[PDB]
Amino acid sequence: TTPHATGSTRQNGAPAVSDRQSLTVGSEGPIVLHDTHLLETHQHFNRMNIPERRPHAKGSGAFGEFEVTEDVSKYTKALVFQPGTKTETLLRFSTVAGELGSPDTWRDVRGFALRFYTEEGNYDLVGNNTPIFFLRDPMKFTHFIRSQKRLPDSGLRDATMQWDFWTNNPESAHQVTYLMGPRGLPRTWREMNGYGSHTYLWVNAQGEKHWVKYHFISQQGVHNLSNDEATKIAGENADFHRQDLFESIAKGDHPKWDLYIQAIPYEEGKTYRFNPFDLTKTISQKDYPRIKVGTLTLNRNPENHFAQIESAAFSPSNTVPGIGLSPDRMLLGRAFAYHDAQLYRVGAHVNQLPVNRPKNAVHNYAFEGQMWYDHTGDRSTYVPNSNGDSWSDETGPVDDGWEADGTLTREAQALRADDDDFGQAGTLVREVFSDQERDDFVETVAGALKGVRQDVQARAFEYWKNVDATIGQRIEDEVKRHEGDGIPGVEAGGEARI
């Protein structure tokens, strides 16, 4: 306490005098321009909001730990996955389409964004609750997300727009099937699996390469809500998932996931009968079984949601030695996009905020800019230099690379032996779902098509029949009778929609 303290300060540390009354000319007079405490507090209030994420605006998370319990050193040299290693983590969960204040229990994909604070940098595995996605080229991603959001005139979400996009981009079928099935509505984030989705590259100490898939299997099981239940919860508690996570950890109920990988030898990646670089494809566990790595535990709530969760900036570009990207076009687009969005959303120095700083020493050739908190003193700004300030200069083929040859083109990826748009979705509907799940699926899909413009409905019937003739007929019959579930978060029809 200072001699003239009053209970709080202005931004310069001087006593604020009052947090409750403005500076006026007498009790009845106007406010004066030089009420600097009023000005500082209001000008800051007016700049509290930052642009929400696009997509995945609505979310929350927690800190935890990852422990390696198996030996996978033969597949990677990454320090984080070496035998016995324990690493601090941060995980943010999210929906995709909805904005900052939208209900948690809308039918949607969920994000599973995981950071490992490793000894050789921050390693971000930015996943979802599905092993696949709707698209295989990033040029389509902007269109997709806009189709999932709002009409330009009325500002409403619209199933007609969603189905127009999906039916005109049949590569979407595998993921749309997954979304419309039971897993479109997780009961809690604790009761859903996480996946890397993409094929990544692992490189071992000898330079040998494997293509890898990541699977985070919940120790709490996979539990889902019905459309009706999720709708009810959306009204009663729009932050049901956020609350559940925080309360579970606060009570000492720490959720866990076991990490497994699939590991494909380098050369087999080029010849496998499904394209591992096609994000719409899963890789059969019969061909490439899951191999255990270790266990993820979440055990610590944030102390400040905005500083630690909202301001967190995850990026697939945040690889570490031993782990690389792959020829998956969607992943390569992501390598650019996140960092770019974060410069706008948070700032040029987003990676100097405590939650985004690595544990190891950063020695990076970047200087100046707004809000530069940790400056580099008189370090040289150029390389090579004669001043003893180090730089990197490895030449030749990179350890996390691969080969390419061809002419510059814009075209679809070449099909492997068993690649198509509909086969894997079919397999899901026919072989994986139970009878009860198929019944629910029909009611969901028919519901999602209710009120959809007729020409778009007609294309949807052909789309679903391509997935499976029987399910597609069942959906068609129900839509023609105007039956089906209400879908939390979206509807179609009426004068304010297409």
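Note that residue numbering begins at 1 and tracks the sequence as displayed.
The mean C-alpha temperature factor is higher for 477-485 when 17-25 and 477-485 are set side by side.
Stretches compared: 343-351, 403-411. Higher mean C-alpha B-factor in the entry: 403-411. Reading the B-factor column for the CA atoms of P397, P321, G98, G155 in the entry, the top value corresponds to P397. In this structure the maximum Cα B-factor among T280, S218, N387, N227 is found at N387. Per-chain ranking of the deposited C-alpha B factor places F45 in the lowest third.
When all modelled residues of the chain are sorted by CA temperature factor, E443 is found within the middle third. Per-chain ranking of the deposited C-alpha B factor places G426 in the middle third.
The PDB entry assigns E310 a C-alpha temperature factor belonging to the lowest third of its chain's modelled residues. In this PDB entry, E171 carries a Cα temperature factor that places it within the lowest third of its chain's modelled residues.
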